[PDB]
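This report refers to the structure that appears directly beneath it.
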Amino acid sequence: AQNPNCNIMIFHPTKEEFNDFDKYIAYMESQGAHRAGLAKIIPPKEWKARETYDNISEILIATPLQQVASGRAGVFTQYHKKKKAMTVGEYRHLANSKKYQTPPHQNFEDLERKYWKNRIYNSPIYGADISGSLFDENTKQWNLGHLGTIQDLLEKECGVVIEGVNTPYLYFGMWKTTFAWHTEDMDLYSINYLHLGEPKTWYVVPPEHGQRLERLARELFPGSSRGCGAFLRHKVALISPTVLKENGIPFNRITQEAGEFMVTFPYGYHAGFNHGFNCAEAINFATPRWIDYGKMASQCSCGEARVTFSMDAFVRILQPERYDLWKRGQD
Ligand SMILES: O=C(O)CNC(=O)C(=O)O
Ligand SMILES: [Mg+2]
Ligand code: NI
Ligand SMILES: [Zn+2]
């Protein structure tokens, strides 16, 4: 078995290997990358997403989210308070303000220490989940707006034509902006490209150990657990690396820098934070290997997790028994 310790692997494809996305994902899996839940892909040196980022300031962040924490430093939840719209240029100024900027630090490790120590005492503002793309239309390789769609994958594998579309999302982050512990909708893959700015630190649990994380989460968030049998789908809970180590949960960590891709694999729980002003782009995708994960994915039916139009068909076709109850949660 390749990569039996479930380490995060880093890949350096050549320009020739960067042509065929599906084939490279399958290569990474042949080397055991999926066992970690997360892989880094450094693009060939010849590649670029677009020519410059000089003209992005007029993108609108229609609903910036203030991430308010409750709990203790290592075990907290966050809720998202909606703020007034602002442009990317306005957001970048805010991120760089004395109130919100990255503190002085020695290195990524020092910054990670400061994040875990102090995150709960601040409420950073995240421009998340903005439909759109920063890839130039002429970028032919690993262009997240030109991937094969999950609907077409399901059709190719299973023969059923379904409604739905699949488009990317932009994330504009600042210091301490945070992504809570989650897997993807329907335990899909995700791919994330850090277009610009400061890094993003990731934590991930190997898919084979996901249920260990879930069991800890039920212990640590006991009211949430009673409210919903899949409450990590709410994307609100954080658990520090110190706490994970104290409870014997297997995980790994890595920092993504501008110009790098990360891939999350089916049922790979992940969480993380941004180091400073940045912009990432991400999208879900599927492969043949995903189908069995989609069929087994947990679902939130309590009403909190509220998701896209396109998840309907996935539940309906892969999880027909669950469909009725899950749809009640959506309506
Ligand atoms: O970058 C973020 O805030 C969150 N991204 C992801 O969870 C992902 O790409 O799967
Ligand atoms: Mg603009
Ligand atoms: Ni994710
Ligand atoms: Zn729920």
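Following the order of the structure tokens, chains are lettered A, B, ..., residues in each are numbered from 1, and ligands are numbered from 1.
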Check your understanding: What's the 9 Å shell around stretch 270-280 of chain A, counting only C-alpha atoms, without same-chain residues fewer than 4 positions away, as a PyMOL selection string?
Key -> chain A and resi 37-38+91-92+95-96+100-102+108+111-112+115+169-183+192-205+238-239+253+258+264
Closest atom pairs, residues of chain A within 9 Å of ligand 2, only C-alpha atoms and all ligand atoms, as CSV:
residue,atom,partner,partner_atom_place_in_ligand_line,distance
A:54,CA,ligand 2,1 (Mg),8.4
A:55,CA,ligand 2,1 (Mg),5.0
A:56,CA,ligand 2,1 (Mg),3.5
A:57,CA,ligand 2,1 (Mg),4.3
A:58,CA,ligand 2,1 (Mg),3.3
A:59,CA,ligand 2,1 (Mg),4.6
A:60,CA,ligand 2,1 (Mg),8.1
A:87,CA,ligand 2,1 (Mg),8.4
A:88,CA,ligand 2,1 (Mg),7.7
A:89,CA,ligand 2,1 (Mg),8.4
Now that the selection is made, can you save its residues with N, CA and C atoms as a PDB file, in the first residue's frame?
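Once everything was written out, this is part.pdb:
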ATOM      1  N   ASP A  54      -3.279  42.952 -11.202  1.00  0.00           N
ATOM      2  CA  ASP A  54      -3.347  44.412 -10.972  1.00  0.00           C
ATOM      3  C   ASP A  54      -4.673  45.022 -11.095  1.00  0.00           C
ATOM      4  N   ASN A  55      -5.666  44.319 -11.679  1.00  0.00           N
ATOM      5  CA  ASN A  55      -6.932  44.977 -11.937  1.00  0.00           C
ATOM      6  C   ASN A  55      -8.166  44.276 -11.245  1.00  0.00           C
ATOM      7  N   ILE A  56      -7.874  43.724 -10.044  1.00  0.00           N
ATOM      8  CA  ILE A  56      -8.961  43.007  -9.289  1.00  0.00           C
ATOM      9  C   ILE A  56      -9.679  43.801  -8.259  1.00  0.00           C
ATOM     10  N   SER A  57      -9.337  45.075  -8.033  1.00  0.00           N
ATOM     11  CA  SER A  57      -9.889  45.771  -6.903  1.00  0.00           C
ATOM     12  C   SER A  57     -11.314  46.137  -6.941  1.00  0.00           C
ATOM     13  N   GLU A  58     -11.922  46.109  -8.131  1.00  0.00           N
ATOM     14  CA  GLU A  58     -13.307  46.404  -8.245  1.00  0.00           C
ATOM     15  C   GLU A  58     -14.284  45.232  -8.177  1.00  0.00           C
ATOM     16  N   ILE A  59     -13.753  44.017  -7.998  1.00  0.00           N
ATOM     17  CA  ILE A  59     -14.592  42.880  -7.635  1.00  0.00           C
ATOM     18  C   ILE A  59     -15.349  43.223  -6.351  1.00  0.00           C
ATOM     19  N   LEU A  60     -16.617  42.883  -6.292  1.00  0.00           N
ATOM     20  CA  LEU A  60     -17.448  43.150  -5.114  1.00  0.00           C
ATOM     21  C   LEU A  60     -17.576  41.923  -4.246  1.00  0.00           C
ATOM     22  N   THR A  87     -15.741  46.474  -1.874  1.00  0.00           N
ATOM     23  CA  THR A  87     -14.954  46.021  -2.991  1.00  0.00           C
ATOM     24  C   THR A  87     -13.698  45.300  -2.455  1.00  0.00           C
ATOM     25  N   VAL A  88     -13.054  44.564  -3.343  1.00  0.00           N
ATOM     26  CA  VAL A  88     -11.790  43.913  -2.997  1.00  0.00           C
ATOM     27  C   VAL A  88     -10.773  44.958  -2.584  1.00  0.00           C
ATOM     28  N   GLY A  89     -10.790  46.110  -3.254  1.00  0.00           N
ATOM     29  CA  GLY A  89      -9.805  47.179  -2.861  1.00  0.00           C
ATOM     30  C   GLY A  89     -10.072  47.677  -1.452  1.00  0.00           C
TER      31      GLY A  89
END
Point to revise | Within 8 Å of residue A:306 using only C-alpha atoms, minus same-chain residues under 3 positions, as a PyMOL selection string | key: chain A and resi 303+329-330
How would the residues just picked look written out with C-alpha atoms as a tab-separated table (two decimals), in the first residue's frame?
chain	number	residue	atom	x	y	z
A	303	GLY	CA	-31.86	22.56	8.40
A	329	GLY	CA	-34.00	20.00	5.73
A	330	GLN	CA	-33.45	22.08	2.59
Check your understanding: Counting only C-alpha atoms, which of A:94, A:39, A:228, A:243 gets nearest to residue A:73?
Key ->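 Smallest separation from residue A:73 among the options: A:243.
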Practice item. Identify, counting only C-alpha atoms and all ligand atoms, the protein, DNA and RNA residues located within 12 Å of ligand 4, and give them as an NGL selection string. Key: :A and (223-236 or 298-307 or 325-326 or 328-330)
Those residues you just picked out, can you put them in a file as a PDB file, in the first residue's frame with N, CA and C atoms?
ATOM      1  N   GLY A 223     -23.913  19.642  22.742  1.00  0.00           N
ATOM      2  CA  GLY A 223     -25.245  20.190  22.359  1.00  0.00           C
ATOM      3  C   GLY A 223     -25.444  20.158  20.836  1.00  0.00           C
ATOM      4  N   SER A 224     -24.404  20.496  20.128  1.00  0.00           N
ATOM      5  CA  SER A 224     -24.460  20.445  18.620  1.00  0.00           C
ATOM      6  C   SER A 224     -24.725  19.039  18.150  1.00  0.00           C
ATOM      7  N   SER A 225     -24.072  18.104  18.779  1.00  0.00           N
ATOM      8  CA  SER A 225     -24.183  16.693  18.428  1.00  0.00           C
ATOM      9  C   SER A 225     -25.611  16.197  18.632  1.00  0.00           C
ATOM     10  N   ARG A 226     -26.243  16.621  19.725  1.00  0.00           N
ATOM     11  CA  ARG A 226     -27.633  16.251  19.942  1.00  0.00           C
ATOM     12  C   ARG A 226     -28.571  16.903  18.915  1.00  0.00           C
ATOM     13  N   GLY A 227     -28.254  18.097  18.471  1.00  0.00           N
ATOM     14  CA  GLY A 227     -29.087  18.828  17.506  1.00  0.00           C
ATOM     15  C   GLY A 227     -29.080  18.218  16.114  1.00  0.00           C
ATOM     16  N   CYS A 228     -27.977  17.519  15.776  1.00  0.00           N
ATOM     17  CA  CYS A 228     -27.805  17.078  14.394  1.00  0.00           C
ATOM     18  C   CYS A 228     -26.777  15.979  14.305  1.00  0.00           C
ATOM     19  N   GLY A 229     -27.105  14.916  13.571  1.00  0.00           N
ATOM     20  CA  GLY A 229     -26.261  13.763  13.512  1.00  0.00           C
ATOM     21  C   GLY A 229     -25.077  13.975  12.554  1.00  0.00           C
ATOM     22  N   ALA A 230     -25.040  15.124  11.902  1.00  0.00           N
ATOM     23  CA  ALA A 230     -23.936  15.444  10.975  1.00  0.00           C
ATOM     24  C   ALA A 230     -23.568  16.899  11.101  1.00  0.00           C
ATOM     25  N   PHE A 231     -23.440  17.390  12.375  1.00  0.00           N
ATOM     26  CA  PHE A 231     -23.252  18.773  12.542  1.00  0.00           C
ATOM     27  C   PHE A 231     -21.957  19.420  12.027  1.00  0.00           C
ATOM     28  N   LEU A 232     -20.955  18.592  11.708  1.00  0.00           N
ATOM     29  CA  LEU A 232     -19.769  19.213  11.070  1.00  0.00           C
ATOM     30  C   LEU A 232     -20.065  19.775   9.656  1.00  0.00           C
ATOM     31  N   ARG A 233     -21.172  19.317   9.096  1.00  0.00           N
ATOM     32  CA  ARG A 233     -21.721  19.922   7.829  1.00  0.00           C
ATOM     33  C   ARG A 233     -22.107  21.346   8.013  1.00  0.00           C
ATOM     34  N   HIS A 234     -22.286  21.829   9.277  1.00  0.00           N
ATOM     35  CA  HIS A 234     -22.557  23.237   9.475  1.00  0.00           C
ATOM     36  C   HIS A 234     -21.385  24.149   9.289  1.00  0.00           C
ATOM     37  N   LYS A 235     -20.181  23.560   9.308  1.00  0.00           N
ATOM     38  CA  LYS A 235     -18.957  24.271   9.071  1.00  0.00           C
ATOM     39  C   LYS A 235     -18.727  25.395  10.036  1.00  0.00           C
ATOM     40  N   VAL A 236     -18.834  25.069  11.328  1.00  0.00           N
ATOM     41  CA  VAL A 236     -18.670  26.036  12.407  1.00  0.00           C
ATOM     42  C   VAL A 236     -17.735  25.623  13.498  1.00  0.00           C
ATOM     43  N   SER A 298     -22.498  11.349   4.821  1.00  0.00           N
ATOM     44  CA  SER A 298     -23.473  11.830   5.784  1.00  0.00           C
ATOM     45  C   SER A 298     -24.190  13.053   5.272  1.00  0.00           C
ATOM     46  N   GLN A 299     -25.363  13.245   5.858  1.00  0.00           N
ATOM     47  CA  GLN A 299     -26.020  14.424   5.553  1.00  0.00           C
ATOM     48  C   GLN A 299     -26.638  15.076   6.768  1.00  0.00           C
ATOM     49  N   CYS A 300     -26.660  16.389   6.677  1.00  0.00           N
ATOM     50  CA  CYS A 300     -27.366  17.262   7.667  1.00  0.00           C
ATOM     51  C   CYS A 300     -28.826  17.347   7.082  1.00  0.00           C
ATOM     52  N   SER A 301     -29.739  16.974   7.904  1.00  0.00           N
ATOM     53  CA  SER A 301     -31.189  17.222   7.644  1.00  0.00           C
ATOM     54  C   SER A 301     -31.887  18.162   8.667  1.00  0.00           C
ATOM     55  N   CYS A 302     -31.106  18.780   9.640  1.00  0.00           N
ATOM     56  CA  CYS A 302     -31.667  19.612  10.705  1.00  0.00           C
ATOM     57  C   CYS A 302     -32.015  20.930  10.152  1.00  0.00           C
ATOM     58  N   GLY A 303     -31.528  21.291   8.979  1.00  0.00           N
ATOM     59  CA  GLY A 303     -31.860  22.560   8.396  1.00  0.00           C
ATOM     60  C   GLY A 303     -30.752  23.546   8.388  1.00  0.00           C
ATOM     61  N   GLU A 304     -29.717  23.313   9.198  1.00  0.00           N
ATOM     62  CA  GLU A 304     -28.648  24.294   9.254  1.00  0.00           C
ATOM     63  C   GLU A 304     -27.823  24.334   8.002  1.00  0.00           C
ATOM     64  N   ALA A 305     -27.463  23.179   7.407  1.00  0.00           N
ATOM     65  CA  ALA A 305     -26.331  23.187   6.462  1.00  0.00           C
ATOM     66  C   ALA A 305     -26.657  23.816   5.113  1.00  0.00           C
ATOM     67  N   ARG A 306     -27.918  23.873   4.759  1.00  0.00           N
ATOM     68  CA  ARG A 306     -28.391  24.629   3.565  1.00  0.00           C
ATOM     69  C   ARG A 306     -27.311  24.831   2.449  1.00  0.00           C
ATOM     70  N   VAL A 307     -27.485  24.066   1.380  1.00  0.00           N
ATOM     71  CA  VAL A 307     -26.517  24.019   0.278  1.00  0.00           C
ATOM     72  C   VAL A 307     -27.142  24.229  -1.126  1.00  0.00           C
ATOM     73  N   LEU A 325     -36.046  12.959   3.671  1.00  0.00           N
ATOM     74  CA  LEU A 325     -35.646  13.683   4.892  1.00  0.00           C
ATOM     75  C   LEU A 325     -34.665  14.841   4.629  1.00  0.00           C
ATOM     76  N   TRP A 326     -33.698  14.655   3.731  1.00  0.00           N
ATOM     77  CA  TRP A 326     -32.690  15.660   3.473  1.00  0.00           C
ATOM     78  C   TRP A 326     -33.369  16.865   2.815  1.00  0.00           C
ATOM     79  N   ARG A 328     -36.544  17.892   3.080  1.00  0.00           N
ATOM     80  CA  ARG A 328     -37.229  18.588   4.189  1.00  0.00           C
ATOM     81  C   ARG A 328     -36.276  19.570   4.914  1.00  0.00           C
ATOM     82  N   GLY A 329     -35.034  19.133   5.162  1.00  0.00           N
ATOM     83  CA  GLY A 329     -33.995  20.001   5.732  1.00  0.00           C
ATOM     84  C   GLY A 329     -33.657  21.198   4.859  1.00  0.00           C
ATOM     85  N   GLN A 330     -33.616  20.995   3.542  1.00  0.00           N
ATOM     86  CA  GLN A 330     -33.452  22.078   2.591  1.00  0.00           C
ATOM     87  C   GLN A 330     -34.665  23.016   2.387  1.00  0.00           C
TER      88      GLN A 330
END
Exercise for review: In Å, rounded to a single decimal, give me how far atom CA of residue A:249 is from atom CA of residue A:72.
Suggested key: 18.9 Å
Point to revise | Secondary structure check, strand (DSSP E or B) residues of stretch 171-310 of chain A, as a PyMOL selection string | key: chain A and resi 171-173+178-182+189-197+200-204+237-239+252-256+261-264+270-274+278-285
Would you mind exporting C-alpha atoms of the selected residues as an mmCIF file, in the first residue's frame?
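Done, and the output landed in selection31.cif:
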data_model
loop_
_atom_site.group_PDB
_atom_site.id
_atom_site.type_symbol
_atom_site.label_atom_id
_atom_site.label_comp_id
_atom_site.auth_asym_id
_atom_site.auth_seq_id
_atom_site.Cartn_x
_atom_site.Cartn_y
_atom_site.Cartn_z
ATOM 1 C CA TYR A 171 -12.252 33.584 -1.220
ATOM 2 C CA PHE A 172 -10.654 36.839 -0.103
ATOM 3 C CA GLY A 173 -9.033 36.298 3.298
ATOM 4 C CA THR A 178 -10.801 30.604 9.393
ATOM 5 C CA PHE A 179 -12.247 27.543 7.723
ATOM 6 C CA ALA A 180 -13.883 25.176 10.121
ATOM 7 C CA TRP A 181 -13.510 21.374 10.198
ATOM 8 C CA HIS A 182 -15.432 19.863 7.276
ATOM 9 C CA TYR A 189 -12.895 16.392 -3.908
ATOM 10 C CA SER A 190 -11.960 20.010 -3.808
ATOM 11 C CA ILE A 191 -9.190 21.915 -5.552
ATOM 12 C CA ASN A 192 -7.950 25.248 -4.267
ATOM 13 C CA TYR A 193 -5.539 27.624 -5.955
ATOM 14 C CA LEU A 194 -3.974 30.458 -3.922
ATOM 15 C CA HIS A 195 -3.895 33.241 -6.517
ATOM 16 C CA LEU A 196 -2.160 35.907 -4.501
ATOM 17 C CA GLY A 197 -1.089 37.210 -1.139
ATOM 18 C CA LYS A 200 -3.053 29.583 4.054
ATOM 19 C CA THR A 201 -2.310 26.866 6.683
ATOM 20 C CA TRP A 202 -4.229 23.630 6.425
ATOM 21 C CA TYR A 203 -4.930 20.777 8.806
ATOM 22 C CA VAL A 204 -6.313 17.458 7.557
ATOM 23 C CA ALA A 237 -16.426 23.956 14.656
ATOM 24 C CA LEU A 238 -12.703 24.355 15.302
ATOM 25 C CA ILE A 239 -10.369 22.051 17.202
ATOM 26 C CA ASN A 252 -1.240 16.447 9.317
ATOM 27 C CA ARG A 253 -0.599 20.090 8.587
ATOM 28 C CA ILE A 254 0.885 22.090 5.701
ATOM 29 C CA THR A 255 1.126 25.724 4.584
ATOM 30 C CA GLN A 256 0.036 26.651 1.047
ATOM 31 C CA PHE A 261 -2.703 24.205 -5.609
ATOM 32 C CA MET A 262 -4.151 22.037 -2.917
ATOM 33 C CA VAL A 263 -6.388 19.066 -3.537
ATOM 34 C CA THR A 264 -8.654 17.649 -0.844
ATOM 35 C CA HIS A 270 -9.841 19.743 6.736
ATOM 36 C CA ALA A 271 -9.655 23.144 8.578
ATOM 37 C CA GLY A 272 -7.298 26.052 8.453
ATOM 38 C CA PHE A 273 -6.584 29.795 8.511
ATOM 39 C CA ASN A 274 -5.187 32.589 6.465
ATOM 40 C CA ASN A 278 -5.020 36.701 0.175
ATOM 41 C CA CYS A 279 -7.297 35.457 -2.635
ATOM 42 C CA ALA A 280 -7.996 31.807 -3.293
ATOM 43 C CA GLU A 281 -10.221 30.087 -5.844
ATOM 44 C CA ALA A 282 -11.763 26.659 -5.276
ATOM 45 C CA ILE A 283 -14.203 24.228 -6.809
ATOM 46 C CA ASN A 284 -15.488 20.752 -6.137
ATOM 47 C CA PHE A 285 -14.844 17.910 -8.549
#
Practice item. Could you pull out the residues in stretch 201-293 of chain A that DSSP calls helix (DSSP H, G or I) from the backbone, as a PyMOL selection string? Key: chain A and resi 207-220+222-227+231-234+241-246+290-293
Save out the residues we just selected, C-alpha atoms, as a PDB file, in the first residue's frame.
ATOM      1  CA  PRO A 207     -10.070   9.719   5.214  1.00  0.00           C
ATOM      2  CA  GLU A 208      -9.600   6.337   6.789  1.00  0.00           C
ATOM      3  CA  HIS A 209      -9.657   8.062  10.202  1.00  0.00           C
ATOM      4  CA  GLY A 210     -12.458  10.523   9.707  1.00  0.00           C
ATOM      5  CA  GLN A 211     -14.795   8.847  12.090  1.00  0.00           C
ATOM      6  CA  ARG A 212     -12.224   9.442  14.848  1.00  0.00           C
ATOM      7  CA  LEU A 213     -12.524  13.105  14.309  1.00  0.00           C
ATOM      8  CA  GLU A 214     -16.324  12.889  14.298  1.00  0.00           C
ATOM      9  CA  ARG A 215     -16.350  11.027  17.604  1.00  0.00           C
ATOM     10  CA  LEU A 216     -14.145  13.669  19.190  1.00  0.00           C
ATOM     11  CA  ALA A 217     -16.279  16.412  17.797  1.00  0.00           C
ATOM     12  CA  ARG A 218     -19.424  14.845  19.311  1.00  0.00           C
ATOM     13  CA  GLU A 219     -17.597  14.801  22.703  1.00  0.00           C
ATOM     14  CA  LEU A 220     -16.386  18.427  22.372  1.00  0.00           C
ATOM     15  CA  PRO A 222     -22.183  17.875  22.865  1.00  0.00           C
ATOM     16  CA  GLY A 223     -25.245  20.190  22.359  1.00  0.00           C
ATOM     17  CA  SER A 224     -24.460  20.445  18.620  1.00  0.00           C
ATOM     18  CA  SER A 225     -24.183  16.693  18.428  1.00  0.00           C
ATOM     19  CA  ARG A 226     -27.633  16.251  19.942  1.00  0.00           C
ATOM     20  CA  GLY A 227     -29.087  18.828  17.506  1.00  0.00           C
ATOM     21  CA  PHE A 231     -23.252  18.773  12.542  1.00  0.00           C
ATOM     22  CA  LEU A 232     -19.769  19.213  11.070  1.00  0.00           C
ATOM     23  CA  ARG A 233     -21.721  19.922   7.829  1.00  0.00           C
ATOM     24  CA  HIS A 234     -22.557  23.237   9.475  1.00  0.00           C
ATOM     25  CA  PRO A 241      -3.752  20.718  16.774  1.00  0.00           C
ATOM     26  CA  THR A 242      -2.881  20.602  20.445  1.00  0.00           C
ATOM     27  CA  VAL A 243      -6.315  19.248  21.233  1.00  0.00           C
ATOM     28  CA  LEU A 244      -6.216  16.744  18.411  1.00  0.00           C
ATOM     29  CA  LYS A 245      -2.805  15.486  19.679  1.00  0.00           C
ATOM     30  CA  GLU A 246      -4.137  15.221  23.263  1.00  0.00           C
ATOM     31  CA  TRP A 290     -15.576   9.386  -5.591  1.00  0.00           C
ATOM     32  CA  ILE A 291     -18.853   7.614  -6.439  1.00  0.00           C
ATOM     33  CA  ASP A 292     -18.709   5.214  -3.514  1.00  0.00           C
ATOM     34  CA  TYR A 293     -17.996   8.104  -1.133  1.00  0.00           C
TER      35      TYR A 293
END
Practice item. Determine, counting only C-alpha atoms, which protein, DNA and RNA residues have an atom within 12 Å of an atom of stretch 12-15 of chain A; residues of the same chain fewer than 6 positions away are not included. Present the result as a list in words. Key: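 Those residues are residues 21, 23, 24, 25, 27, 28, 39, 40, 41, 42, 43, 44, 45, 46, 47, 48, 140, 141, 142, 260 and 261 of chain A.
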Practice item. Fewer than 3 positions away in the same chain doesn't count, so skip those; otherwise give me all residues within 7 Å of residue A:32, counting only C-alpha atoms, as an NGL selection string. Key: :A and (2-3 or 28-29 or 35)
Need to verify the contact set: residue A:85, 7 Å, only C-alpha atoms, exclusion of same-chain residues closer than 2 positions in sequence. Can you return it as a PDB file with N, CA, C and O atoms, in the first residue's frame?
ATOM      1  N   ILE A  61     -17.338  42.129  -2.937  1.00  0.00           N
ATOM      2  CA  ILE A  61     -17.658  41.214  -1.910  1.00  0.00           C
ATOM      3  C   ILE A  61     -19.027  41.659  -1.346  1.00  0.00           C
ATOM      4  O   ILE A  61     -19.133  42.541  -0.479  1.00  0.00           O
ATOM      5  N   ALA A  62     -20.058  41.066  -1.889  1.00  0.00           N
ATOM      6  CA  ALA A  62     -21.435  41.544  -1.567  1.00  0.00           C
ATOM      7  C   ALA A  62     -21.801  41.286  -0.092  1.00  0.00           C
ATOM      8  O   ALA A  62     -22.534  42.127   0.471  1.00  0.00           O
ATOM      9  N   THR A  63     -21.322  40.218   0.505  1.00  0.00           N
ATOM     10  CA  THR A  63     -21.676  39.870   1.917  1.00  0.00           C
ATOM     11  C   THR A  63     -20.405  39.391   2.642  1.00  0.00           C
ATOM     12  O   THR A  63     -20.198  38.180   2.813  1.00  0.00           O
ATOM     13  N   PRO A  64     -19.553  40.346   2.990  1.00  0.00           N
ATOM     14  CA  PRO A  64     -18.412  39.946   3.839  1.00  0.00           C
ATOM     15  C   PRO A  64     -18.874  39.352   5.125  1.00  0.00           C
ATOM     16  O   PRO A  64     -19.981  39.725   5.631  1.00  0.00           O
ATOM     17  N   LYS A  83     -21.872  41.556   6.974  1.00  0.00           N
ATOM     18  CA  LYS A  83     -21.432  42.964   7.001  1.00  0.00           C
ATOM     19  C   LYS A  83     -21.845  43.587   5.662  1.00  0.00           C
ATOM     20  O   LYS A  83     -22.282  42.905   4.747  1.00  0.00           O
TER      21      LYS A  83
END
Practice item. Might you pull out every residue within 8 Å of residue A:206, with only C-alpha atoms counted and same-chain residues fewer than 6 positions away left off, and present them as a ChimeraX atom specification? Key: /A:6,35-37,250-251,268-269
Check your understanding: So which one's closest to ligand 1, A:16, A:163, A:129, A:136? Using only C-alpha atoms and all ligand atoms, please.
Key -> A:129
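Counting from atom CA of residue A:257, the distance to atom CA of residue A:103 is 18.0 Å.
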Review point. Using only C-alpha atoms, which of the listed residues (A:147, A:265, A:287, A:152) sits closest to residue A:8?
Key: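 That would be A:265, the residue with the smallest distance to residue A:8.
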